[PDB]
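Asker: Sharing a structure here in structure tokens format.
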Ligand SMILES: CC(/C=C/C=C(C)/C=C/[C@@]12O[C@]1(C)C[C@@H](O)CC2(C)C)=C\C=C\C=C(C)\C=C\C=C(C)\C=C\[C@@]12O[C@]1(C)C[C@@H](O)CC2(C)C
Ligand SMILES: CC(/C=C/C=C(C)/C=C/[C@@]12O[C@]1(C)C[C@@H](O)CC2(C)C)=C\C=C\C=C(C)\C=C\C=C(C)\C=C\[C@@]12O[C@]1(C)C[C@@H](O)CC2(C)C
Ligand SMILES: CC(/C=C/C=C(C)/C=C/[C@@]12O[C@]1(C)C[C@@H](O)CC2(C)C)=C\C=C\C=C(C)\C=C\C=C(C)\C=C\[C@@]12O[C@]1(C)C[C@@H](O)CC2(C)C
Ligand SMILES: CC1=C(/C=C/C(C)=C/C=C/C(C)=C/C=C/C=C(C)/C=C/C=C(C)/C=C/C2=C(C)CCCC2(C)C)C(C)(C)CCC1
Ligand SMILES: CC1=C(/C=C/C(C)=C/C=C/C(C)=C/C=C/C=C(C)/C=C/C=C(C)/C=C/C2=C(C)CCCC2(C)C)C(C)(C)CCC1
Ligand SMILES: CCCCCCCCCCCCO[C@H]1O[C@H](CO)[C@@H](O[C@H]2O[C@H](CO)[C@@H](O)[C@H](O)[C@H]2O)[C@H](O)[C@H]1O
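Residue numbers (the entry's author numbering), protein chains in the order written: chain 8, 56 to 270; chain a, 55 to 248; chain 1, 55 to 247; chain B, 295 to 368; chain F, 63 to 226; chain G, 65 to 92, 117 to 158; chain J, 1 to 41.
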């Protein structure tokens with residue numbers, strides 16, 4: 056069903072019912088990296104969180120980038136916006152990353168143990184009454200509860216849609232950031248600047264006219 | 055019950071209708087376990103009672119003209135000679151902070167880790183209104199409702215001071231001096247665009 | 055038990071839940087043999103009790119203004135005339151070191167190689183709180199918890215002095231004078247990059 | 295012979311680490327060192343052979359005799 | 063200047079040896095016509111040579127008493143002073159390729175033992191099988207550490223012994 | 065620092081620490121004569137007397153290389 | 001010619017094809033990248 060290549064044999068470790076029950080299953084594994092089932096389950100958790108950080112990241116690059124080229128903001132380019140906003144600030148970057156890795160590390164190490172055993176953090180006496188809402192759902196990577204304020208989870212149909220819409224906007228955003236890094240090395244301009252350069256001259260201004268598709 | 059907070063919505067089954075301040079408002083299912091809900095009914099009242107004391111102290115400073123709530127700890131830095139009703143009190147910061155660490159934990163440890171009760175029957179009711187016969191859940195409802203208003207209003211003090219830098223009455227006089235030009239949109243903080 | 059130290063983790067089978075200060079925290083399986091664990095429960099309390107006495111002596115010097123914990127043995131070198139509460143004591147280093155070798159081993163040999171007990175019933179309880187009826191394991195838990203905090207805090211004194219060269223209150227006043235510029239990252243020691 | 299001192303038959307055998315780190319420890323080695331000569335000779339040639347290099351490594355750098363490290367062939 | 067050293071863009075015996083080599087090439091160049099390919103080859107040797115000295119000084123290689131590029135094989139003295147490309151980058155650029163060849167050769171031997179006679183398919187390499195494991199082994203550290211967690215990487219004491 | 069007090073008191077110290085404190089921990117052709125109550129014969133005394141003298145000579149030597157730098 | 005492709009898939013023939021592959025790859029890289037002593041960018 057709906058493979059990435061319509062003629063390929065889909066590898067058999069994406070056609071098991073514990074793998075066809077998964078968002079974004081287009082039969083794409085040409086290295087066989089997820090043949091082991093827990094390695095598939097671990098890499099499925101890596102893809103959800105590489106994509107959600109990328110969707111939050113890319114919307115932190117082009118949404119203040121498109122709303123800067125259209126006026127009403129003064130946010131600079133994303134490859135220079137780390138240099139600024141530390142002088143409109145209070146700590147050194149060392150004094151800021153260490154508090155970051157404390158705050159992020161308490162979260163990630165709780166998600167670590169919930170992957171190892173689902174419903175880990177739902178055991179009583181963990182938190183100060185807040186640990187009840189942290190059992191996740193029956194499938195991991197989708198916690199809900201306090202992570203679903205609008206309450207879109209409790210459908211059981213339209214639900215595989217919101218899964219597959221998250222992954223496809225997520226996989227597009229991961230290619231967008233791998234875009235953004237590559238279209239900053241190769242030309243040094245902005246990503247909206249590269250979009251403006253491609254729209255004013257598509258047939259001469261592209262990656263065929265720089266030194267990185269070199270023969 | 056007495057309310058629905060969004061009319062037409064079902065009520066959560068894990069919120070009993072007997073409880074004071076109930077509306078069925080838990081869209082997160084955040085109190086589905088009974089021990090978590092029992093801790094939360096203890097903690098909402100105590101957050102509500104301290105905020106009612108908090109929001110009254112923030113208003114009565116500006117009602118009596120002693121600066122505002124933000125500037126009352128501006129003697130520990132940039133000077134000294136703390137005031138209360140205009141009367142001097144010759145305490146520095148590092149002494150009363152130690153006084154309010156020992157004496158408050160002495161009142162916390164009698165309250166918190168000596169049970170879980172939040173309406174203690176006895177010495178905390180001097181005049182005597184709620185004898186738990188009939189008028190209890192009515193007045194407990196009012197303690198929640200005035201308490202929930204206070205927690206909103208204190209959160210409406212911190213966000214108002216983070217945006218405009220002015221106190222409660224100092225900008226309520228401005229919203230009354232300019233109804234359409236002294237609200238949360240004329241500053242370029244709460245609405246970033248227009 | 056009363057705690058899990060990493061919620062969702064299994065507990066080690068070789069840590070009994072009756073023991074005070076238990077959380078199931080032994081990721082090394084370092085006390086799997088019972089004689090090794092029995093020596094460790096003796097040694098955690100005594101490390102905890104001496105550090106609670108150690109961390110109080112490091113604070114109360116700066117709370118009373120007598121330099122800090124690092125500079126209190128700076129009379130045996132670079133001068134003399136040792137102080138305590140401001141009062142002089144006319145002892146050089148080489149006499150009190152011999153005094154604290156004989157008298158302390160005289161108290162160690164009555165403690166250590168005369169049994170293995172760590173909560174001695176009798177003369178070491180003057181007022182009388184833990185008569186081993188019901189309130190024993192509660193107060194033994196608090197002796198562990200305040201004791202474990204002290205061993206962290208003393209290790210938080212040596213690493214703080216190895217990094218910045220300042221005492222406990224002398225840099226706690228600096229973290230309060232600069233919350234974002236007087237922490238463990240502004241020095242080029244704890245974070246190298 | 296005098297009631298004080300250490301017995302070799304109680305230092306080897308009693309240094310057995312728990313949790314099976316080193317098997318049964320050094321238990322029973324003493325009768326295989328005392329009775330065996332090739333074990334005693336093999337230890338001695340291991341010790342002397344390293345403190346023969348230690349003689350050599352510490353006499354060019356720290357020459358102990360007068361007007362050595364000026365006589366170069368010596 | 064890390065361990066008694068100096069940058070090769072700053073030392074002079076390095077530049078003296080560059081001028082030593084270009085002297086030897088030019089006195090070898092003098093025997094030929096300026097159109098001749100034995101002189102076109104030597105001038106192409108120089109422009110490979112002079113760019114080589116330019117590129118070693120560009121990377122900040124460390125010279126010493128002899129004016130030669132000295133390498134620093136310690137992280138913490140290469141990460142701190144900007145020299146991870148000398149050793150610390152190719153020590154993982156190698157160990158990717160090294161365990162790659164190990165893993166492909168591992169997976170070819172594991173997936174040949176369940177056959178009729180596996181010794182025949184070590185002479186006659188199953189090329190459609192071997193190239194298939196060759197391409198798909200490109201995430202071998204991602205596959206090995208998952209196999210490391212099971213206990214399927216290490217075979218137990220079924221292994222062959224003499225007299226324990 | 066004194067010549068006759070320190071070496072006398074150090075040996076008096078270490079013939080008391082094995083006599084009154086380390087009594088049982090040390091105990092874990118007939119010259120052993122327990123005529124003190126727990127076996128404090130000349131073999132045991134010359135063992136704690138070798139430790140009593142040697143640390144006392146260490147103290148008098150450290151007190152005399154112009155002074156202490158500890 | 002299936003038997004002829006078995007011969008091409010023996011051990012020394014794949015060895016002498018893959019070593020011309022791997023040397024011939026490193027020869028072309030060391031032509032178009034002259035003298036890589038250190039990893040540049
Ligand atoms: C996480 C991520 C990016 C997150 C970025 C963030 C948060 C950016 C943050 C910032 O910008 C802002 C907001 C503001 C700036 O001022 C500051 C910074 C801090 C800079 C990208 C992931 C990016 C992830 C990418 C690109 C992954 C690509 C992987 C691919 C294509 C792999 C495919 C395969 O592995 C499979 C699927 C199967 C195998 O069998 C076959 C192959 C082909 C090997
Ligand atoms: C706002 C607040 C809590 C808000 C929480 C809300 C709305 C949560 C709602 C929900 O959880 C439910 C219900 C159900 C879930 O399914 C969904 C959500 C939506 C998550 C608490 C504030 C609580 C606020 C409190 C307790 C404030 C106390 C303030 C004090 C004591 C002030 C003292 C001073 O002001 C004086 C007196 C004098 C000054 O000069 C000096 C100082 C010291 C500053
Ligand atoms: C930190 C410490 C021990 C830490 C050990 C830890 C965390 C071990 C944890 C683990 O083992 C477990 C639990 C389980 C294993 O599976 C895993 C690990 C992780 C291995 C002991 C400190 C113990 C620290 C002690 C005992 C300190 C005593 C200090 C004293 C007495 C100080 C005296 C002075 O300060 C005064 C009073 C006045 C000054 O002027 C002069 C002086 C003399 C300096
Ligand atoms: C076969 C066998 C045998 C033999 C063996 C041998 C031959 C051995 C050898 C061995 C050896 C040959 C060893 C060696 C060792 C060494 C060591 C182990 C070293 C160490 C060192 C150290 C420890 C040092 C330290 C230090 C330093 C660092 C420097 C300065 C000074 C000091 C001291 C500080 C026998 C007979 C038994 C029999 C059985 C088996
Ligand atoms: C009679 C009696 C008594 C007493 C006792 C006593 C008092 C004893 C003592 C004893 C003693 C008192 C002993 C001693 C000993 C000693 C010794 C035995 C020594 C040795 C020495 C040495 C060994 C040395 C060496 C050296 C030198 C030579 C010098 C220099 C240094 C050196 C080290 C080198 C009493 C009354 C109680 C009781 C009754 C009985
Ligand atoms: C997620 C974990 C990975 C995160 C990687 C973070 C990498 C970014 C670290 C900081 C960028 C490199 O650091 C380098 O530029 C910083 C920004 O000017 C400098 O930081 C400093 O620079 C200037 C002074 O020289 C000042 O204007 C800056 O306010 C100050 O922060 C550092 O002295 C320098 O070492």
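Where is the CB? At the ideal position from N, CA and C, for every residue including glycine.
1. Go to residue 194 (chain F), then tell me how far its alpha helix (DSSP H) extends in each direction, as first and last residue.
2. Applying the criterion that 16 or more other CB atoms from any shown protein chain within 10 Å of the CB defines a buried residue, is residue 115 (chain F) buried or exposed?
3. Using the Cβ count rule (16 or more neighbours within 10 Å means buried), how would you classify residue 145 (chain F)?
4. Check the Cβ-Cβ distances between residue 157 (chain G) and every residue of chain 1, and say whether any is below 9 Å.
5. In terms of residue numbering, what span does the alpha helix (DSSP H) encompassing residue 169 (chain F) cover?
6. Our contact map puts residue 201 (chain a) next to residue 99 (chain a) with C-beta atoms below 8 Å; I'd like the distance itself, whole angstroms only.
7. May I ask you to verify whether the region 198 to 214 of chain a touches the region 175 to 185 of chain a, counting CB pairs closer than 8 Å and requiring at least 3?
8. Do residue 132 (chain G) and ligand 5 come close, with the Cβ less than 8 Å from some heavy atom?
9. If you reduce the DSSP assignment to three classes, tell me which class residue 28 (chain J) lands in.
10. Three or more C-beta pairs under 8 Å: does that hold for the region 341 to 357 of chain B against the region 70 to 78 of chain F?
11. Going by DSSP, what residues sit across from residue 71 (chain G) in a beta bridge?
12. Using 10 angstroms around the beta-carbon of residue 142 (chain G), count the other beta-carbons present and answer buried if the total reaches 16, otherwise exposed.
13. Whose CA, out of 224 (chain 8), 116 (chain 8) and 69 (chain 8), lies closest to the CA of residue 95 (chain 8)?
14. How is the alpha helix (DSSP H) around residue 336 (chain B) delimited, first residue to last?
15. Which class does residue 198 (chain 1) belong to by DSSP, given the choice of helix, strand or coil?
16. Have a look at 201 (chain F), 140 (chain F), 149 (chain F) and 90 (chain F) and flag the residue whose alpha-carbon is nearest the alpha-carbon of residue 163 (chain F).
17. Are residue 147 (chain 1) and residue 156 (chain G) touching if we call contact CB-CB under 9 Å?
18. Could you check whether the Cβ of residue 149 (chain a) sits closer than 8 Å to any heavy atom belonging to ligand 2?
19. May I ask you to check if the CB of residue 219 (chain F) is nearer than 8 Å to at least one heavy atom of ligand 6?
20. Pull up the distance between the alpha-carbon of residue 114 (chain 8) and that of residue 218 (chain a), whole angstroms please.
21. Cα separation between residue 215 (chain 8) and residue 78 (chain a)?
22. Name the residue from 155 (chain 8), 205 (chain 8) and 130 (chain 8) whose alpha carbon lies nearest to the alpha carbon of residue 143 (chain 8).
23. Might you give, ordered along the chain, the residues of its own chain that have their beta carbon closer than 6 Å to the beta carbon of residue 208 (chain 8), omitting 5 neighbours on each side?
24. Helix, strand or coil: which one does DSSP assign to residue 100 (chain F)?
25. Do residue 79 (chain 8) and residue 60 (chain 8) have their CB atoms nearer than 9 Å?
26. Three or more beta-carbon pairs under 8 Å between the region 101 to 114 of chain F and the region 28 to 39 of chain J, yes or no?
27. Helix, strand or coil for residue 93 (chain F) per DSSP?
28. Answer with buried or exposed for residue 75 (chain G), where buried requires no fewer than 16 other C-beta atoms within 10 angstroms of its C-beta.
29. Quick check on residue 145 (chain 8) - is its C-beta less than 9 Å from some C-beta in chain 1?
30. Run the CB neighbour count on residue 106 (chain 8), radius 10 Å, all protein chains shown included, and call it buried at 16 or more, exposed below.
31. What does the alpha-carbon distance come out to for the pair residue 94 (chain F) and residue 30 (chain J)?
32. Closer than 8 Å by C-beta to residue 228 (chain 1): which residues in its own chain qualify, once you throw out the five before and the five after it? Chain order, please.
33. So, using beta-carbon positions, are residue 177 (chain 8) and residue 187 (chain 8) closer together than 9 Å?
34. Which whole-angstrom value describes the C-beta separation of residue 123 (chain a) and residue 211 (chain a), a residue pair presumed to lie in contact below a C-beta threshold of 8 Å?
35. Buried or exposed for residue 61 (chain 1), going by 16 or more other Cβ atoms inside 10 Å?
Answerer: In brief:
1. For the purposes of this step, residue 194 (chain F) is taken as the residue at position 132 of the fifth chain. Looking at the DSSP string, the run of the alpha helix (DSSP H) that includes residue 194 (chain F) is 189 to 198.
2. Against the fifth chain, residue 115 (chain F) aligns to sequence position 53. Residue 115 (chain F) is buried by the Cβ-count criterion.
3. Counting from 1 along the fifth chain, the entry for residue 145 (chain F) is found at position 83. The residue in question, residue 145 (chain F), is buried, as its Cβ has 16 or more Cβ neighbours within 10 Å.
4. As a first step, residue 157 (chain G) must be located in the sixth chain, where it is residue number 69. Yes, residue 157 (chain G) lies at the interface with chain 1 (some Cβ there is under 9 Å from its Cβ).
5. Within the fifth chain, numbered from 1, the residue matching residue 169 (chain F) stands at position 107. That run of the alpha helix (DSSP H) goes 152 to 172.
6. Translated into positions along the second chain, residue 201 (chain a) becomes position 147. Translated into positions along the second chain, residue 99 (chain a) becomes position 45. Right, their Cβ atoms sit about 7 Å apart.
7. no
8. For the purposes of this step, residue 132 (chain G) is taken as the residue at position 44 of the sixth chain. Checking the Cβ of residue 132 (chain G) against ligand 5 gives no.
9. Position 28 of the seventh chain holds residue 28 (chain J). Three-state DSSP puts residue 28 (chain J) in a helix.
10. The region 341 to 357 of chain B, when compared against the region 70 to 78 of chain F, does not touch it at the 8 Å Cβ threshold.
11. Along the sixth chain, read from residue 1 onward, the residue named residue 71 (chain G) stands at position 7. Checking the DSSP bridge columns, you'll see residue 71 (chain G) has no partner listed.
12. The sequence position of residue 142 (chain G) within the sixth chain is 54, counting from 1. By the 10 Å Cβ count, residue 142 (chain G) comes out exposed.
13. Within the first chain, the letter at position 40 stands for residue 95 (chain 8). Per the Cα distances, 69 (chain 8).
14. By one-based count along the fourth chain, residue 336 (chain B) stands at place 42. Judged by DSSP secondary structure, residue 336 (chain B) falls within the alpha helix (DSSP H) whose first and last residues are 331 to 354.
15. Indexing the third chain from 1 puts residue 198 (chain 1) at position 144. Three-state DSSP puts residue 198 (chain 1) in a helix.
16. What you label residue 163 (chain F) is simply residue 101 of the fifth chain in a count that begins at 1. Closest option to residue 163 (chain F), Cα to Cα, is 201 (chain F).
17. In the third chain, the residue the question calls residue 147 (chain 1) occupies position 93. In the sixth chain, the residue the question calls residue 156 (chain G) occupies position 68. Cβ atoms of residue 147 (chain 1) and residue 156 (chain G): closer than 9 Å.
18. Here residue 149 (chain a) is taken as the residue at index 95 of the second chain, counted from 1. Outside the cutoff, so no.
19. Within the fifth chain, the letter at position 157 stands for residue 219 (chain F). Outside the cutoff, so no.
20. Translated into positions along the first chain, residue 114 (chain 8) becomes position 59. Translated into positions along the second chain, residue 218 (chain a) becomes position 164. Looking at the two C-alpha atoms, the distance is approximately 29 Å.
21. The sequence position of residue 215 (chain 8) within the first chain is 160, counting from 1. The sequence position of residue 78 (chain a) within the second chain is 24, counting from 1. C-alpha separation (whole angstroms): 29 Å.
22. Numbered from 1 along the first chain, position 88 holds the residue referred to as residue 143 (chain 8). Residue 130 (chain 8) is the option with its Cα nearest to residue 143 (chain 8).
23. In the first chain, the residue the question calls residue 208 (chain 8) occupies position 153. Hits under 6 Å: 199.
24. The residue you call residue 100 (chain F) lines up with position 38 of the fifth chain. Here residue 100 (chain F) sits in helix by DSSP.
25. Within the first chain, numbered from 1, the residue matching residue 79 (chain 8) stands at position 24. Within the first chain, numbered from 1, the residue matching residue 60 (chain 8) stands at position 5. Between residue 79 (chain 8) and residue 60 (chain 8), the gap from beta carbon to beta carbon reaches 9 Å or more.
26. yes
27. Reading the fifth chain from its first residue, position 31 is the one you call residue 93 (chain F). Residue 93 (chain F): coil per DSSP, three-state reduction.
28. Reading the sixth chain from its first residue, position 11 is the one you call residue 75 (chain G). So residue 75 (chain G) ends up on the buried side.
29. Taking the first residue of the first chain as position 1, residue 145 (chain 8) is located at position 90. Yes, because at least one Cβ of chain 1 sits closer than 9 Å to the Cβ of residue 145 (chain 8).
30. If you number the first chain from 1, residue 106 (chain 8) lands on position 51. Residue 106 (chain 8) comes out buried.
31. By 1-based counting over the fifth chain, the position of residue 94 (chain F) is 32. By 1-based counting over the seventh chain, the position of residue 30 (chain J) is 30. Looking at the two C-alpha atoms, the distance is approximately 28 Å.
32. Mapped onto the third chain, residue 228 (chain 1) falls at position 174. Only 220 and 236 meet the Cβ criterion.
33. To locate residue 177 (chain 8), count along the first chain from 1; it is residue 122. To locate residue 187 (chain 8), count along the first chain from 1; it is residue 132. Cβ distance < 9 Å, so residue 177 (chain 8) and residue 187 (chain 8) count as in contact.
34. Residue mapping note: residue 123 (chain a) aligns to position 69 of the second chain, counting from 1. Residue mapping note: residue 211 (chain a) aligns to position 157 of the second chain, counting from 1. At roughly 7 Å, the Cβ-Cβ gap stays under 8 Å, so residue 123 (chain a) and residue 211 (chain a) are in contact.
35. For the purposes of this step, residue 61 (chain 1) is taken as residue 7 along the third chain, with counting starting at 1. Counting of Cβ neighbours within 10 angstroms places residue 61 (chain 1) among the buried residues, the total reaching 16 or more.
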